[PDB]
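To keep things clear, I will list the structure first and then write my remarks on it.
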Number of protein chains: 2
Amino acid sequence: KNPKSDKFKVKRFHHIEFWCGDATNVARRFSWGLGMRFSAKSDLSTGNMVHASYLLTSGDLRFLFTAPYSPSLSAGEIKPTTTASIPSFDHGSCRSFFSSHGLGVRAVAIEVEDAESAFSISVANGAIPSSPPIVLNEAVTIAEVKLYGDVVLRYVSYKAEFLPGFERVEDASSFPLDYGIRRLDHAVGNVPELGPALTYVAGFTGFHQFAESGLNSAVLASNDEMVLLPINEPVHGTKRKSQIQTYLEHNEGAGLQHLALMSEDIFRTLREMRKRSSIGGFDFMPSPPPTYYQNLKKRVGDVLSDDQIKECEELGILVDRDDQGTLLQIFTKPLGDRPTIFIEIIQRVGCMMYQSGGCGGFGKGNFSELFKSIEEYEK
Amino acid sequence: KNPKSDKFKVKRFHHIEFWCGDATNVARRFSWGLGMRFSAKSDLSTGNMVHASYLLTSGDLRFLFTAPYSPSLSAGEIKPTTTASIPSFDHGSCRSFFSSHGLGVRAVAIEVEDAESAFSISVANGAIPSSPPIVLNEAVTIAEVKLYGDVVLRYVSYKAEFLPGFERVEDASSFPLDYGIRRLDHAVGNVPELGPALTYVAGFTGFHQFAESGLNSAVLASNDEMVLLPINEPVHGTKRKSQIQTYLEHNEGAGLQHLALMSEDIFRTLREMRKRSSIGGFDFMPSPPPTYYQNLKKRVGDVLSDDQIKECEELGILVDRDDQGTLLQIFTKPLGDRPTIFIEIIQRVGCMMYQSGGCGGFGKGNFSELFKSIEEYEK
Ligand SMILES: Cc1c(C(=O)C2=C(O)CCCC2=O)ccc2nc(C)n(-c3ccccc3)c(=O)c12
Ligand SMILES: Cc1c(C(=O)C2=C(O)CCCC2=O)ccc2nc(C)n(-c3ccccc3)c(=O)c12
Ligand SMILES: [Co+2]
Ligand SMILES: [Co+2]
């Protein structure tokens, strides 16, 4: 059931912004690890005396990495005379965020029809304002409201190239890496209490609800279910400590838990990412046991060949299924020092009309099944 | 002239420690960019609730990358009960350093015969104490005094594996990268005033002095001239602004300007590093013009073949010469967001007895010659 209750017109995920201590090193690591190209910059070389921002792209996926310069470089500026390309940026906020949470996502940005309208309607419906709408070079409008913790939901709307004041990266500095990643599928938050978090976000967006170990979760979705925002809370008092609780402890509270990146070919993406794990890229979760794949035949043997199923076995891919589609997924180890944010690589099969959003669900069946397999691998 | 006036027994450079916001991403970037292997760790997985520290090695070169965790993880600890493996570490100092300076070197560590003696003698001769000697697992002693800015000179001495509490990295996670880098040749500081900086450091170490555009410099050297510590000050009032002054402005004062890394084969090192520049590694300075290499024949045509000289031309290597040896060198672009720290790759030829330290000098002749070539390339 989809009541299509969005209080304003939402299009697609637009970008994800990481707040960093040093944007250059994080951006270069992520570029090599994920196969994303350096596409745009805003920094000292573009006249920005406030922050260094580097944009990586793979298909429609946009990762932005931002770090503050010394405040002394811009001490004479005021907001009317700022050289920042992202006017919501604040040195103090950025340093406070990074010292509190470590490397992580500051902004989940969605493209809307009218960012000023989205901001006004959101705050009229309970959103906590974070940065008011500002029109950039009469071309782009950006506004921000609080999402959870110190993460903001950023609205961006275009009258008619990332943002004004960004420059395209020199082609010599822009190597055309591509491991198959194409778009952001969903972005997941961890909170202490799911109920109040859901009521708040659904309250100001009109997003609707989309349809034992560790967590309770629920998913908020835009009208066409292309913007997907799951939220988790911990379940306390279990034998094994909730990884949601561990997240909240090491992150100093609520924040973004994972980004799920859709691949057009998850087998190629994982081959390429795993090649680079020990040479600067990303590590993956420990693989499921053979019993997990010895049980895939009964569960998805009509969607994947046995050659493809053991090709999932090589790469350690998990598979889950809903009533409408099938889901291939795998999780990285945490992206930085703290056991907080990680990445999920995903590919969805089914639900063709284009593919409808959330085809196959989010893999919650893989909790029971992966442990069931581990225990029956003890055998 | 070498008076051999060291006030305590100094052996070799031991390690360089970077203070980071996220040690994982900087370490992974540096590993791929420089061809250094992950060799040791101290972090949550080793029981360290205070800081994440990752050690990279190439030959005798040791780069350590350290970042703080949330203070809440260790709020119950006191110094007697600390889980930190580097007891001089302080959350507040580390965050203050990184917010002030950005990514950069906190510690230049040298191995000595007796770190407690070196500390006591140093402070008796004017060194500003930073961290008192502490014996680690009855095996290693570490002490720190101020060097310049917020950089410390760290003394480490061993009774008889990096530091206690560090663990060897799993071989699966330890890919054997090697681009030919073998040891730290020198470590260079930028200060506002050279005179007082030299008097201070030479005062407490007994290091001796080793023997127009932008700077004045001088080099302090240990008895066998294997520990080399050049220091630069800006020269003001020139047409082109001093890069030393630019450093001091963007760094918020004095600090480490560059690390010079000796290669056993600078041609292989540069081939490998340049292959990776646009795929997560390091960028290099713009190459000298053909006139620079069209003038190398007259200057070093008796040390390098014409095939090797144009092989310097391919890689953009600079060459300089003293009265005793020859020096091949090249400089990276800054290692992070700010125009502050960079790396030099070096190889020295001559002065065989082993090779004596500083063979060929430090390339100061390449200032005049590189511009002379650029202007006569205008031709
Ligand atoms: C992270 C995740 C998801 C997931 O994306 C997710 C949810 O957890 C809540 C709904 C929204 C959403 O996107 C689904 C299934 C998973 N299954 C397992 C076995 N693990 C896992 C747990 C320990 C160790 C290795 C993997 C996961 O992390 C895992
Ligand atoms: C950095 C450096 C050194 C050097 O290592 C160094 C000194 O500067 C002082 C003595 C101790 C020491 O180790 C030597 C020669 C150099 N020559 C040039 C042309 N440039 C340079 C300047 C602009 C743009 C591209 C290169 C340098 O940076 C440069
Ligand atoms: Co997910
Ligand atoms: Co040098």
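Identifiers in the structure tokens: chain A, B, ... in order shown; residue index from 1 per chain; ligand index from 1 in order shown.
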Who sits within 7 Å of residue 320 of chain A, only C-alpha atoms, same chain under 4 positions skipped, as an mmCIF file with N, CA, C and O atoms, in the first residue's frame:
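New file selection_21.cif:
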```cif
data_model
loop_
_atom_site.group_PDB
_atom_site.id
_atom_site.type_symbol
_atom_site.label_atom_id
_atom_site.label_comp_id
_atom_site.auth_asym_id
_atom_site.auth_seq_id
_atom_site.Cartn_x
_atom_site.Cartn_y
_atom_site.Cartn_z
ATOM 1 N N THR A 326 14.241 -10.394 -6.224
ATOM 2 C CA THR A 326 15.380 -11.019 -5.570
ATOM 3 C C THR A 326 16.482 -9.988 -5.383
ATOM 4 O O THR A 326 16.601 -9.033 -6.153
ATOM 5 N N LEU A 327 17.284 -10.188 -4.344
ATOM 6 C CA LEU A 327 18.265 -9.202 -3.936
ATOM 7 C C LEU A 327 19.614 -9.871 -3.693
ATOM 8 O O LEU A 327 19.703 -10.837 -2.931
ATOM 9 N N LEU A 328 20.653 -9.378 -4.370
ATOM 10 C CA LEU A 328 22.033 -9.761 -4.108
ATOM 11 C C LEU A 328 22.697 -8.622 -3.343
ATOM 12 O O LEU A 328 22.578 -7.465 -3.751
ATOM 13 N N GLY A 363 16.884 -7.403 2.585
ATOM 14 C CA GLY A 363 17.704 -8.527 2.984
ATOM 15 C C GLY A 363 17.569 -8.939 4.426
ATOM 16 O O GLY A 363 18.451 -9.636 4.937
ATOM 17 N N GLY A 365 15.845 -11.145 5.761
ATOM 18 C CA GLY A 365 15.875 -12.589 5.889
ATOM 19 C C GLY A 365 17.273 -13.160 6.000
ATOM 20 O O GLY A 365 17.436 -14.297 6.457
ATOM 21 N N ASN A 366 18.290 -12.395 5.599
ATOM 22 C CA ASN A 366 19.658 -12.888 5.645
ATOM 23 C C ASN A 366 20.230 -12.921 7.056
ATOM 24 O O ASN A 366 21.271 -13.550 7.264
#
```
Item checked: Distance filter 6 Å around ligand 1, atoms: only C-alpha atoms and all ligand atoms, out as a PyMOL selection string -> chain A and resi 217+230+285+362-364+366-367+370
Would you mind exporting the chosen residues as a compact mmCIF listing (two decimals), in the first residue's frame, restricted to C-alpha atoms?
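This is the output file out.txt:
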```
# COMPACT_ATOMS: atom_id res chain seq x y z
CA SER A 217 13.77 -1.24 11.59
CA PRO A 230 15.48 2.88 6.49
CA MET A 285 32.55 -8.88 5.89
CA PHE A 362 16.44 -5.03 2.14
CA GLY A 363 17.70 -8.53 2.98
CA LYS A 364 16.35 -8.87 6.52
CA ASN A 366 19.66 -12.89 5.65
CA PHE A 367 19.99 -12.42 9.42
CA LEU A 370 23.27 -16.56 7.58
```
Next item on the list: Determine the nearest neighbour of ligand 2 from the options B:240, B:379, B:266, B:313, counting only C-alpha atoms and all ligand atoms.
Entry: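 Among the listed residues, the smallest separation from ligand 2 belongs to B:240.
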Next item on the list: Write out as a ChimeraX atom specification each polymer residue (protein, DNA or RNA) that has an atom no more than 12 Å from ligand 4, with only C-alpha atoms and all ligand atoms counted.
Entry: /B:184-190,217-219,228-232,256-262,318,320,327-332,341-348,358,360-367
Next item on the list: Might you pull out every residue within 12 Å of residue 245 of chain B, with only C-alpha atoms counted and same-chain residues fewer than 2 positions away left off, and present them as a ChimeraX atom specification?
Entry: /B:190-193,214-216,232-238,240-243,247-255,257,339-340
Item checked: Residues of chain A within 7 Å of chain B, counting only C-alpha atoms, as a list in words -> residues 21, 22, 23, 24, 25, 26, 28, 29, 31, 32, 52, 70, 100, 102, 103, 173, 174, 175, 250, 278, 279, 280, 336 and 337 of chain A
